[PDB]
Amino acid sequence: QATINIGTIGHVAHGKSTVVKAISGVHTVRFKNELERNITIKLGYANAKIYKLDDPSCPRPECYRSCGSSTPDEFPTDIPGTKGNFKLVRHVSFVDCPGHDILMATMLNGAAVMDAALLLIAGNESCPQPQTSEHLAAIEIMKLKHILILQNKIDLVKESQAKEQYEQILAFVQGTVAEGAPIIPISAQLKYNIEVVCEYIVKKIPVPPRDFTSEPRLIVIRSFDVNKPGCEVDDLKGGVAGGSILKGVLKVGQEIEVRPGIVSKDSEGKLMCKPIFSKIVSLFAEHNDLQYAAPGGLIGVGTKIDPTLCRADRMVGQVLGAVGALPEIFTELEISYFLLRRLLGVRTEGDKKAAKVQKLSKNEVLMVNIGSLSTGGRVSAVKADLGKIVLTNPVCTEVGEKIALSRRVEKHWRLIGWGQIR
Amino acid sequence: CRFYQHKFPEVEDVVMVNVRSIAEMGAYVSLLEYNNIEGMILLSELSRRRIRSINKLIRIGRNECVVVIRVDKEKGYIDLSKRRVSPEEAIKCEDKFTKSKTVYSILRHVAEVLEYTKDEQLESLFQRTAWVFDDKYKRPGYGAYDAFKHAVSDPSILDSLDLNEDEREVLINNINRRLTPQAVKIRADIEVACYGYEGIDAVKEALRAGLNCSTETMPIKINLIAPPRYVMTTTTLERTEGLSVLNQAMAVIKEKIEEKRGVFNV
RNA sequence: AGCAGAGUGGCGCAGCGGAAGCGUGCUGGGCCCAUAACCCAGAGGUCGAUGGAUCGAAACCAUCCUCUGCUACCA
């Protein structure tokens, strides 16, 4: 299954497929083929098995040696050991977030259900690069600090440039946790020092305490239909949710409720929403059958919902509770909030436009990323430490946790501040 | 020979002429509508315009839609015009001619089961097949009977047609080869575009209901080609049988979905 | 992946059991002192593939082949 969710976030032009296939062995993929124009801009999924020969390096199935195929310029070979079967240490899960700035709201959502991260830095561009800081800050807000910085694209980048970049990032982030996070330079054109990464992810990132006894909550981020185009009438199936569970052991045959709900017909107001109920058909993770779905892992829960809800990606950031979950489904919400004194996620060589942003004005639409949900809503009352927001589609608030608040600076939204629900 | 009971055309009868060769005045063409009887086109009237062109890569084996001005049954000369044409429009005549040719081929054998082709005593053969059809009245009526016969299987060997030589061995599997049919296949597209979570269930229920109806009657089959999009494809040989299937399919969509409530487009 | 379209001369592209078309270039010659437009012949044909029912498949039938498109992605 899975034990931890390590995320693979990283700004434009570092190469995703080479690094993702080295760590998991499962390709990051989704629509267009044209696998991506540059680096993956979709929310990729992948799981993997991490075993040892009693060595800090992680074998392949063929554990005698491993000859890469990253480049035919030279032969990159590494040796994990010699063969006689290897001991399974754990089953790991990844969360490949978008690597592009416009997709920030999606990157936030996907990130918010991980248990650790890997900041994929690229040495090609600017030294205190916008997105590195954006990522790091969001991570410390959500409730994580289990980060391993990875210098992913320094294959042709000289050692002065690459040294200056790690220095400037680590010096800018002087108020964000990063001093207890290692910085592992690797090759992505010769897959070198990959074996030492395997030692790091088992060290810096154990399994955090998971609450089995507590009531099941599944947060769905990806939508999958298994009926698909060309289905037969008596080959009928349910609709499958790619979600991570962050609380409770969800068992097979259990009934689960999707709690933001669907709005009642001919509503004259903003209420009323009614949750949808679906019975769990199957609990699939990796490529191995399971009867349980332990928390701390990203699992494909097939449920008895019908094709229309899974025919496109429409279940992004929905909260699912088993069953008749107590969590309130607000339509208008009381945010406590604070703002950054800089504009996060933007800053170029001329140092534009990380200038301090003006105060929020009422009746402006802002993206409130609450939980893994992403709703848009307008601010109806605006006091400094008390704003009232009215949301277009209702938000199930599992706990008052955190929020991330963004404002439409130009073409798309950009992160301005965070806070906590009251 | 020819399918028609009469041996000659009449004034202002639209015919199709095979241009055999160009010589002097114009061309000594053969009317193919009535056997292979000789006629002629130009000298005075045929052209409608002059542009100093009439062929380039238009070779031979071709054919003109013409109308009969003067016909001489005794003398065997038929003065023809193409300039007269307006409701006698060439495309429609050509379409009619092709259909007539296949009908002629059916009526001129007929003939255990080689077929043969040719030749047999000629007046008798034509009289018992094609002349009798023309008699059985009139030309519209013959066309209708012929069409019914053509349809393979509507119903298969029947009408009367008590005729003659034996004659069912030929009717059974010469005629299908002779014609050929082609084909007819028609898609029927249905999109049921629900987006409640009750509506989807309603569509699914409707599809199941549809299957039950299909089994009950015996014909097709609806197939899901995308989550809201459904295709049945209906073949028709009796023509109007596809209408009956379409009506049933529509009714399932309209009544069954309604029960648990949904929306549809068809 | 399932699905709407296509299979023809270089290109455009008629056509359907008793026919490899026509448009455009192509090349020669003519008219004219000569070219041009024009005219004529010349030149360009697995009609995807695999067969079958058949007196005969350019035509019926089934499959395979491809691009053109769809819910927009299918653990």
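Which chain is which? The protein sequence lines are A and B, in order.
Counting from 1, one number per residue, gives the positions in the first sequence under our numbering.
Counting from 423, one number per residue, gives the positions in the second sequence under our numbering.
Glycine residues also receive a C-beta, built at the ideal position from the N, C-alpha and C atoms.
Pair within 8 Å by beta-carbon distance, residue i and residue j
i	j	result
residue 150/A	residue 184/A	yes
residue 39/A	residue 15/A	yes
residue 399/A	residue 130/A	no
residue 434/A	residue 88/A	The shown model of chain A, from 1 to 422, leaves out residue 434/A, and the question about it has no answer.
residue 437/B	residue 490/B	yes
residue 290/A	residue 298/A	no
residue 114/A	residue 92/A	no
residue 132/A	residue 139/A	no
residue 82/A	residue 66/A	no
residue 339/A	residue 417/A	yes
residue 650/B	residue 615/B	yes
residue 148/A	residue 182/A	yes
residue 656/B	residue 579/B	no
residue 105/A	residue 367/A	yes
residue 591/B	residue 534/B	yes
residue 551/B	residue 532/B	yes
residue 296/A	residue 226/A	no
residue 235/A	residue 189/A	no
residue 375/A	residue 391/A	yes
residue 53/A	residue 80/A	yes
residue 581/B	residue 659/B	no
residue 275/A	residue 331/A	no
residue 335/A	residue 389/A	yes
Paired residues, beta bridge with residue i - DSSP
i	result
residue 408/A	413/A
residue 224/A	240/A
residue 91/A	49/A
residue 263/A	273/A
residue 256/A	278/A
residue 654/B	610/B
residue 30/A	Beta-bridge pairing links residue 30/A to no other residue.
residue 7/A	95/A, 117/A
residue 104/A	None; residue 104/A has no bridge partner.
residue 403/A	370/A, 419/A
residue 217/A	247/A, 321/A
Candidates the options, of which the one nearest residue i by Cα
i	options	result
residue 403/A	411/A, 420/A, 328/A, 395/A	420/A
residue 685/B	644/B, 669/B, 620/B	620/B
residue 450/B	433/B, 614/B, 498/B, 431/B	498/B
residue 31/A	18/A, 21/A, 45/A	45/A
residue 648/B	220/A, 18/A, 125/A, 233/A	233/A
residue 287/A	33/A, 47/A, 217/A	47/A
residue 554/B	541/B, 515/B, 584/B	584/B
residue 146/A	4/A, 359/A, 355/A	4/A
residue 593/B	677/B, 611/B, 537/B, 480/B	537/B
residue 351/A	110/A, 126/A, 18/A	126/A
residue 229/A	560/B, 646/B, 653/B	646/B
residue 278/A	294/A, 271/A, 307/A	307/A
residue 135/A	20/A, 333/A, 112/A, 336/A	112/A
residue 494/B	606/B, 602/B, 429/B	429/B
residue 357/A	342/A, 332/A, 364/A	342/A
residue 505/B	487/B, 423/B, 572/B	487/B
residue 442/B	433/B, 561/B, 530/B, 462/B	462/B
residue 465/B	447/B, 424/B, 626/B	447/B
residue 501/B	543/B, 513/B, 452/B	452/B
residue 636/B	605/B, 671/B, 627/B, 606/B	671/B
residue 589/B	560/B, 604/B, 547/B	547/B
Is the region 319-326 of chain A touching the region 254-272 of chain A in the sense that three or more CB pairs, one from each, lie closer than 8 Å?
yes
What runs of the beta strand (DSSP E), each 3 residues or longer, lie entirely inside the region 453-536 of chain B?
459-463, 485-494, 499-503
Which full runs of the alpha helix (DSSP H) of 4+ residues lie inside the region 603-642 of chain B, going along the chain?
621-639
Sufficient close CB pairs (3 or more, under 8 Å) joining the region 300-309 of chain A to the region 216-226 of chain A:
yes
Segment contact, 8 Å Cβ cut-off, at least three pairs: the region 189-208 of chain A with the region 240-252 of chain A:
no
Can you confirm whether the region 607-622 of chain B touches the region 561-568 of chain B when touching is taken to mean that 3 or more C-beta pairs between the two stretches lie within less than 8 Å?
no
Could you tell me which whole beta strand (DSSP E) segments of length 3 or greater appear in the region 155-208 of chain A?
183-185
Hey, is the region 634-644 of chain B in contact with the region 667-686 of chain B, meaning 3+ C-beta pairs nearer than 8 Å?
yes
Segments assigned beta strand (DSSP E), at least 3 residues, entirely inside the region 272-326 of chain A
273-285, 288-290, 297-303, 318-321
Count the C-beta pairs between the region 599-613 of chain B and the region 265-279 of chain A that are closer than 8 Å, then say yes if the count reaches three, no if not.
no
As an exercise, report each continuous beta strand (DSSP E) stretch of at least 3 residues that is fully enclosed by the region 352-393 of chain A, in chain order.
365-370, 373-383
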